[PDB]
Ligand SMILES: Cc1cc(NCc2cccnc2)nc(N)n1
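Starting off, we have a lone chain in the form solved without the ligand, written out as structure tokens.
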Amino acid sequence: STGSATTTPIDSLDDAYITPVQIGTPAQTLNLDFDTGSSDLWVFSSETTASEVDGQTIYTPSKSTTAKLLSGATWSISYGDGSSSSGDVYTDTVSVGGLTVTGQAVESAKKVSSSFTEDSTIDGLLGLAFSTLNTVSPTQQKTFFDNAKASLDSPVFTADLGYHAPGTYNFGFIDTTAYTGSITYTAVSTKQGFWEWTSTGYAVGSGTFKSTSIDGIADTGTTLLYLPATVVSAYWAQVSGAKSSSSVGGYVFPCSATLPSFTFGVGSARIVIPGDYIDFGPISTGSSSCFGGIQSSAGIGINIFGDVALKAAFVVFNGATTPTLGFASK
């Protein structure tokens, strides 16, 4: 079996992508953020503190004939600014683009962090990292992908994110019409629970390619591209007037500048990120300073190939016994 679903940017800057997901019987459709950097499927629900719900579609387990409370199970995900989302756990039927899984753990949020409340277009997250990162206690739960693996024609899912345009998440098959050339596969380390891989180097604009190993994670749930400070400094040195701003918290550049492309290596292949993809617009309404899509990972501790990088490619998440990541131009 297979599944295919359209994913849509939530705003004009491609800050995140939402994908419709059917939960329960009869179906309750929620728009979820598909996140390969986490492993929890959590949703706004009728149990969420009412003051923390601002426009989101909520999941109502009492209206689903197939929902079952998972007795004593709780969940808690921590965020980098001290806030957290948490709640209880149900099991229910979950379908993505025609692909149905029964008995999927659905984590109902009892409280959410303020940043989720502020964003009314995201009804929850669907985690697609490895199940060892799932936070359900005392009994850890499997991801949607892990539960679907046996039913899929092939144990893969692919991410084809659009630039200012809709894209596609496919489960169980590789659409050979969605990319050009060949797919280059690279080894994945699962030791930290992420889709972690090693890029073979980078280039700025039309400059010389720099052979150097960059270990990082493919994370559809992160907007920007976070790379080591040496790489990021080399990129923004080619943009006249760009500088790192402490008040803003990253590199900014004059909005009238034209940005150079950024190339990253996948084995012997090269993925080119057009310069326009790195422009994330004015730091404030009316400002002539613009925020950059390539930022330093020094404060984070891990390099992150976020949406900025992934939407330049057709990306294969191969969940075979030995997992691999595939990149192709498109």
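All residue numbers refer to positions in the sequence shown, first residue = 1. C-alpha atoms forming the largest set that superposes within 1.5 Å between two forms make up the rigid core. Only residues modelled in both forms are compared.
Mean CA B-factor, 52-60 versus 36-44: the higher value falls on 52-60. Look at the C-alpha B-factors of 303-311 and of 316-324. On average they run higher in 316-324. Among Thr184, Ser85, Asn134, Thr158, the highest C-alpha B-factor recorded in the PDB entry belongs to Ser85. The residue among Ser199, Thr117, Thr223, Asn170 whose C-alpha carries the highest B-factor in the deposited model is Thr117. Among the modelled residues of the chain, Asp146 sits in the highest third by CA temperature factor in this PDB entry. Sorting the modelled residues of the chain by their CA temperature factor places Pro26 in the highest third. Among the modelled residues of its chain, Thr65 has a C-alpha B-factor that falls in the highest third according to the deposited record. The PDB entry assigns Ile122 a C-alpha temperature factor belonging to the middle third of its chain's modelled residues. In this PDB entry, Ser189 carries a Cα temperature factor that places it within the middle third of its chain's modelled residues.
Just so it is clear, the following notes concern the form solved in complex with the ligand, a form of the same protein that is not shown.
When contacts are judged by a 4.5 Å heavy atom cut-off, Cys290 counts as touching the ligand in the entry with it bound. In the entry with it bound, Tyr79 approaches the ligand with a heavy atom inside 4.5 Å. The closest non-hydrogen atom of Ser86 lies beyond 4.5 Å of the ligand in the entry with it bound.
For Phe171, no non-hydrogen atom is located within 4.5 Å of the ligand in the entry with it bound, even though that partner is not displayed. The contact residue chosen from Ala159, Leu125, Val94, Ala105 relative to the ligand in the entry with it bound is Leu125, the criterion being a non-hydrogen atom within 4.5 angstroms.
Although the ligand is not shown here, in the entry with it bound the stretch 115-136 places heavy atoms of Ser115, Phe116, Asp119, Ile122, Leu125 within 4.5 Å of it, in sequence order.
Here the rigid core is superposed between the shown form and the other one, and of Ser245, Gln192, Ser84, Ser182 the C-alpha of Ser84 is the only one to shift by 2 Å or more. In sequence order, there is only one run of at least 3 consecutive residues whose Cα atoms each shift by 2 Å or more between the shown form and the other one, relative to the superposed core, and it is 79-84.
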